[PDB]
Amino acid sequence: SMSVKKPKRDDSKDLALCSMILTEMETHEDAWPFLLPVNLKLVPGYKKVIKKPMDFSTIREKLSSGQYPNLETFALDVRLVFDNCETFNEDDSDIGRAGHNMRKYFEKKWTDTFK
């Protein structure tokens, strides 16, 4: 509260570390469904059903231009990528499996890096 603060967690490497994580996600072999925005002209249903589209290129641009106020807002966008994937794709499709694998990959790097 006013003039009563918890000790200061060092956040100065957060930007670099989120960049590194994102690079590792970008270069994974199962990243291909997630590298670019879904083409809303060519994929029936996507626009109306997925209220907040997200993809790795868009996360990379946001990261590079100071649009993440902290590491939790970055983790929310990454998880949004996988949540959207589960919303639109069957678990037993190549893309559905890709999405479960990538979420697992991400959550381990996240825990190892920050927790």
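Every number here is computed from the coordinates shown, using simple stated rules; none is lab data. Reconstructed Cβ throughout: ideal geometry from the backbone, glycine too, with neighbour counts over all protein chains shown.
In the stretch 64-102, what count of residues is obtained for those that are surrounded by fewer than 16 Cβ atoms within 10 Å (Cβ to Cβ) and β-branched (V, I, T)?
The number of residues fulfilling the criteria is 3.
Condition test on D112, is it over 15 Å from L17 (Cβ atoms) and surrounded by fewer than 16 Cβ atoms within 10 Å (Cβ to Cβ)?
Answer is no for this residue.
I'd like to verify a number: residues in the stretch 52-63 that are surrounded by fewer than 17 Cβ atoms within 10 Å (Cβ to Cβ) and within 12 Å of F34 (Cβ to Cβ), how many?
Selection size over the stretch 52-63: 4.
In the stretch 65-82, what count of residues is obtained for those that are in contact with a helix residue (DSSP H, G or I) (Cβ under 9 Å, 6 or more places away or on another chain) and charged (D, E, K, R)?
2
Report yes if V49 is touching a residue at least 12 places away in the same chain (Cβ under 8 Å), surrounded by 14 or more Cβ atoms within 10 Å (Cβ to Cβ) and of a type in the set (A, V, I, L, M), otherwise no.
Taking the combined requirement at face value, the residue does not satisfy it.
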